[PDB]
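Before any comments, here is the structure.
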Ligand SMILES: Nc1ncnc2c1ncn2[C@@H]1O[C@H](CSCC[C@H](N)C(=O)O)[C@@H](O)[C@H]1O
Ligand SMILES: Nc1ncnc2c1ncn2[C@@H]1O[C@H](CSCC[C@H](N)C(=O)O)[C@@H](O)[C@H]1O
Ligand SMILES: CSCC[C@@H](O)C(=O)O
Ligand SMILES: CSCC[C@@H](O)C(=O)O
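Chains as they are written, first to last, in our numbering: chain A, 70 to 405; chain B, 70 to 405.
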């Protein structure tokens, strides 16, 4: 798409408003109340403790975005709302949306005007490290991040083969949604996670809870200033490049390569744009979001990633989509 | 449409990142830099005083949104960008977006979770009066609004005839964009604008520099508590109902009626949704925005509006589109 109307510009300009319609509805459990069938404005006001005129305004906004249906003064969940937004649904993720995206990201992106200029004040969150210094933020971000990564981890376990008592290193693997998943999935697979203290202390909870403190250890600290375990069969870097300065990118690949065993695989999951750089829109937007608290970030495209993977010494380099319209998966092999 | 895919939810959830892409770009003069022709990342890094990497991330987000094209390594302004976002463009409204919408509205919407629950915190901005008592806030808001309203004001003059010695009352007419424009058109017209002190203080500047001091006067204050002149020929309310407690809607129509000579016209320009509450999307979302700082706002719909107008006593009551996909205009005549 290339914009033509002033209205089309307005569509983009006021997109934050629609995001906040969804977010607010989530906080007040709107889609959960609709789960048992259509409701009038007044029936909703009673179910949520909101004033009728306010719900009318909230729902009207929702209906206009297709998130709910509006038929004869009664509103109902869209199929997508029933699947993904109703509390308890197998695929529910309203909580990732309202806690991490709304409570943290929305406000945080008020920083980009300064960030894309590397003009941040000191009283701004300028890194993951700085941000996570606040344990209750670290826990707020991780807890939803974890929840959100479980699905993609499963999809991941279906492509790669870690069978054969192997060793996994997840650099920046947070609270362990990917390692925990790949370990439960693969026989005799052991894993290390490199992540910051406050995050690491939270992962240790998720890992002991899974009953896997025998197979999964944290090397705690800043990955860039902390020794990794060498001779690993597989390295996972998921949303690491995005939250890391762009000058680290080359030496990040060299290190991954150096810490691999011959035939070892490197796995990079992240917001990646096509090389023509016209999308995918969700990934480009998320690159920007990360830049808000990572002013030195750069933009990963699939071509660049391919080429630098090869010039690092990797072979069998492949790049494909993971989270539809949002992330990609790059696979690399240190040669046998 | 009625959404079904998790990616469709995602489109909306992260729509706010795209608003911010546009805004950050306006703040740094991106499109004005692309005004003379296509540019590369280094050149754009140069003209915007941004790092080539942060410009790449920014422009890439912009391309995937449609705001720019991405060709042979060089970025270009979309046609819409050329004409609406380039400073000095005949129809430029970039400053309205980055100053009023980005610097004020985006942050204000952080209140809706509480505002929709009629439970804002004491430190929350909870009305126009509250908000504009801050002169910097009033200035920032009103210099943009004046600009974004000049075009629609010309459109409104072309739709109506206020000739032959008329008196116009513009309630919450702000810095007088409309009034100035309709006075410029109809040489014998006199106007009266009713708006808050910090706003009127600005308006007078815009009025004097137009050479209209003799024909346009302010009545400073909360319109709800201040006496309006009587025997008017037209009464304009443009974006007044949106930001006012729903409590007060009936009795605004009545006063307008009582302050009109027989055969005089009431004009209501505002974000109005349709009675089926299906849209327009943009009006529905601005209704939610105003509610963030007007917790007793109610949804203005077209049917209610025409009905209340007849209820109050008007005739020749029509409602039609005004700003495409965003606002409507309701015309009514007090019987001859
Ligand atoms: N320099 C650094 N050192 C250690 N951890 C880092 C880091 N930079 C970013 N991180 C961590 O990288 C993680 C990014 S968020 C994603 C979590 C997980 N890898 C997943 O895919 O679900 C965060 O947990 C953050 O704490
Ligand atoms: N209760 C009130 N009394 C006086 N002015 C009010 C008001 N409530 C809102 N307003 C004003 O109405 C204006 C809304 S913005 C639009 C201004 C102008 N009528 C235009 O359409 O371009 C603001 O200037 C705001 O200050
Ligand atoms: C930096 S948050 C990205 C995580 C998101 O993709 C998810 O877990 O669904
Ligand atoms: C408070 S929004 C101003 C109205 C808008 O539609 C414009 O044209 O500027």
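Yeah, the Cβ is synthetic: ideal placement off N, Cα and C, and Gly gets one too.
Are there any heavy atoms of ligand 2 lying less than 7 Å away from the beta-carbon of residue i, as far as the coordinates show?
| i | result |
| --- | --- |
| residue 319 of chain B | no |
| residue 254 of chain B | no |
| residue 325 of chain B | no |
| residue 165 of chain A | no |
| residue 242 of chain B | yes |
| residue 264 of chain B | yes |
| residue 218 of chain B | yes |
Tell me whether residue i, by its Cβ, gets closer than 7 Å to a heavy atom of ligand 1.
| i | result |
| --- | --- |
| residue 224 of chain A | no |
| residue 366 of chain A | no |
| residue 197 of chain A | yes |
| residue 214 of chain A | yes |
| residue 293 of chain A | yes |
| residue 246 of chain A | yes |
| residue 315 of chain A | no |
| residue 251 of chain A | no |
| residue 210 of chain B | no |
| residue 307 of chain A | yes |
Return the chain-ordered list of same chain residues with a C-beta closer than 7 Å to the C-beta of residue i, the five sequence neighbours on each side being excluded.
| i | result |
| --- | --- |
| residue 377 of chain B | 319 and 322 |
| residue 141 of chain B | none |
| residue 248 of chain B | 237, 239, 242, 260, 262 and 285 |
| residue 343 of chain B | 370 and 371 |
| residue 219 of chain A | 246 and 250 |
| residue 252 of chain A | 258, 260, 281, 284 and 285 |
Looking at residue j and residue i, is the spacing between their C-beta atoms short of 8 Å?
| i | j | result |
| --- | --- | --- |
| residue 391 of chain A | residue 357 of chain B | no |
| residue 74 of chain A | residue 401 of chain B | no |
| residue 259 of chain A | residue 223 of chain A | no |
| residue 312 of chain A | residue 363 of chain A | yes |
| residue 119 of chain B | residue 94 of chain B | no |
| residue 117 of chain B | residue 135 of chain B | no |
| residue 122 of chain B | residue 348 of chain A | no |
| residue 257 of chain A | residue 234 of chain A | yes |
| residue 177 of chain B | residue 361 of chain B | yes |
| residue 329 of chain A | residue 403 of chain A | yes |
| residue 213 of chain B | residue 164 of chain B | yes |
| residue 380 of chain A | residue 386 of chain A | no |
| residue 139 of chain A | residue 170 of chain B | no |
| residue 84 of chain A | residue 84 of chain B | yes |
For residue i, which residues of its own chain have a beta-carbon under 6 Å away from its beta-carbon, when the five flanking residues on both sides are left out?
| i | result |
| --- | --- |
| residue 244 of chain A | 211, 215, 271, 272 and 275 |
| residue 405 of chain A | 331 and 332 |
| residue 232 of chain B | 255 |
| residue 195 of chain A | 189 |
| residue 158 of chain B | 152 |
| residue 382 of chain A | 326 |
Give me the residue from the options with the minimum Cα distance to residue i.
| i | options | result |
| --- | --- | --- |
| residue 205 of chain A | A:172, A:182, A:220 and A:226 | A:172 |
| residue 100 of chain A | A:239, A:143 and A:151 | A:151 |
| residue 367 of chain A | B:133, B:125 and B:109 | B:125 |
| residue 133 of chain B | A:289, A:252, A:177 and A:72 | A:72 |
| residue 143 of chain B | B:397, B:103, B:229 and B:299 | B:103 |
| residue 180 of chain A | B:181, B:184 and B:175 | B:175 |
| residue 110 of chain A | B:395, B:374, B:353 and B:346 | B:346 |
| residue 317 of chain A | A:292, A:266 and A:218 | A:292 |
| residue 166 of chain B | B:203, B:154 and B:192 | B:154 |
| residue 375 of chain A | A:299, A:397 and A:393 | A:397 |
| residue 287 of chain A | A:269, A:297 and A:298 | A:269 |
| residue 365 of chain B | B:186, B:282, B:294 and B:84 | B:186 |
| residue 182 of chain B | A:70, A:76, A:301 and A:88 | A:88 |
| residue 352 of chain B | B:83, B:394 and B:399 | B:394 |
| residue 70 of chain B | B:350, B:399 and B:388 | B:350 |
| residue 226 of chain B | B:76, B:303, B:192 and B:96 | B:303 |
| residue 300 of chain B | B:277, B:324, B:294 and B:278 | B:324 |
Return yes when the C-beta of residue i is under 7 Å from any heavy atom of ligand 5, and no when it is not.
| i | result |
| --- | --- |
| residue 176 of chain B | Summarising the ligand content, the structure contains ligand 1, ligand 2, ligand 3 and ligand 4 and does not contain ligand 5. |
Quick one: what's got a C-beta closer than 8 Å to residue i's C-beta in the same chain, skipping five residues either side?
| i | result |
| --- | --- |
| residue 90 of chain B | 127, 130, 131, 134 and 136 |
| residue 265 of chain A | 197, 198, 201, 207, 289, 290 and 291 |
| residue 78 of chain B | 72 |
Given the structure, does residue i come close to ligand 3, in the sense that its CB is under 7 Å from one of the ligand's heavy atoms?
| i | result |
| --- | --- |
| residue 392 of chain A | yes |
| residue 410 of chain A | With chain A covering only 70 through 405, there is no way to say anything about residue 410 of chain A. |
Quick one: list the residues of chain D neighbouring residue i, beta-carbon separation under 9 Å, in chain order.
| i | result |
| --- | --- |
| residue 143 of chain A | Here chain D cannot be found, since the structure's protein chains are A and B. |
Cβ-heavy atom distance between residue i and ligand 4 below 7 Å?
| i | result |
| --- | --- |
| residue 221 of chain B | yes |
Item to check | the stretch 292-310 of chain A in contact with the stretch 330-340 of chain A per 3-pair CB rule at 8 Å | outcome: yes
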